[PDB]
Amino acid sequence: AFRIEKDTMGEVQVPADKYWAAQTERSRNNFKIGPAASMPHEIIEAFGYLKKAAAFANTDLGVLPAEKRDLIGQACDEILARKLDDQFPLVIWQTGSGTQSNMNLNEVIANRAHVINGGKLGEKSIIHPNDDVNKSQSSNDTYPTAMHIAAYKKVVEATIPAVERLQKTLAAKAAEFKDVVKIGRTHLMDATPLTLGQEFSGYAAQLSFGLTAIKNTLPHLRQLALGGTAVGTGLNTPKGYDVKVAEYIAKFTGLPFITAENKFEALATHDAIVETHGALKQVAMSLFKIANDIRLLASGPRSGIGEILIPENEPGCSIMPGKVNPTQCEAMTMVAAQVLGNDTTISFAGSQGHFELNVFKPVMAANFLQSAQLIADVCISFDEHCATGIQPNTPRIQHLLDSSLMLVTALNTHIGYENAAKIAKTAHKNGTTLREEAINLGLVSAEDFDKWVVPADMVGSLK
């Protein structure tokens, strides 16, 4: 069942029930690319905030009647309350400006305003999509505004807290394991001792510098395009609109948005998405390493390293009965893989602006949100279902520590490099302990080796 709606290109059959109009319907038919309604919901939600702020600012500045403001603001409250999700059917792989998603907000708000006000769907709306819902605005400033609201909100409300959660667990464990002495590995080969705390303190540190990197990118992402309209000059905006509309969005979201300092930079680039995604990708590579270590540390339990015990959450294996796997770690390394390709896509798209407009906005949008959501979700899962339950395998730690021929490094400042090297290669060649060959080569007394080669004394400076 259809009704005819009209745009400046003529007549379009629109599903009779649906609040969208001609432009939303053409796009839904002209971009049959991947799954329906793939435009992020976070982008639509952002549009809810800024269309409502546009309306509010336009009335304060004398270009929209209060009557129309309130109908727009109520239809935006419905979008925000998730009452109209079945009214946003457009894909990511549309016009690169996101014009069709902007007109989807505009047509849905106008037709929904009309029915709120007592009219029939398919009657000329009391609210015009272009002249009223879109007054003072372009797809070219509204879509980048939706991008930064969705991006800033997800990064500060989901991603930073989730990464902070895992950072504090990792720092907690580092503290909890400060007196567990273990064997280091460089190049995967037996090395000198460090505490399990020291190992985890490295991991805690990785996310601390990553959190700082992400925070450093927020001043740029807080800047909103809204007011630059078609090309950044703010043609067709009342004076004060850029500052005023950013105060509404700031009031409505609770987040410290400001108007962009250079609206030509804010339309022709998404350098801010590149900037913040770069830092997300810094954290994804640190996360990869941490997850990879932890499965290596848990490997076995009998014929691997097996120096830690991780929580056992599920049957690991359909054929190998009673096998248990570090499945939280695999989740986290696969998210990290995804984030790095997301960064290729964003970097590539960011370089591809032409003149006044970057037209890679949706794909930049979709990839940034997916990275920020997946980092958030996997740090919560990995913290809950792995990191918090990590315990030492004490006897395994103690065996692999004691077997290291490279405890011989404690001897370096006492007998010199070459004499230390003779002891280790003699023990290796002969199949004996350091302590035997140190004594039998006449290079160290039994009491000096017992005093010097003490792993608990090899996890700090001399004294």
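All residue numbers refer to positions in the sequence shown, first residue = 1.
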{"query": "Residue range whose averaged C-alpha B-factor is higher in the record, 342 to 350 or 237 to 245", "finding": "237 to 245"}
{"query": "122 to 130 or 150 to 158, whichever carries the higher mean Cα B-factor", "finding": "122 to 130"}
{"query": "C-alpha B-factor winner, where the candidates are 187, 135, 215, 295", "finding": "135"}
{"query": "Position of residue 74 among the chain's modelled residues by C-alpha B-factor, lowest, middle or highest third", "finding": "highest"}
{"query": "For residue 262, the third of its chain into which the C-alpha B factor falls", "finding": "middle"}
{"query": "Residue 58 - which third its CA temperature factor falls in, relative to the rest of the chain", "finding": "middle"}
{"query": "Within-chain third of residue 100 by Cα B-factor, per the entry", "finding": "lowest"}
{"query": "Entry-reported Cα temperature factor of residue 27, expressed as the chain third it lands in", "finding": "lowest"}
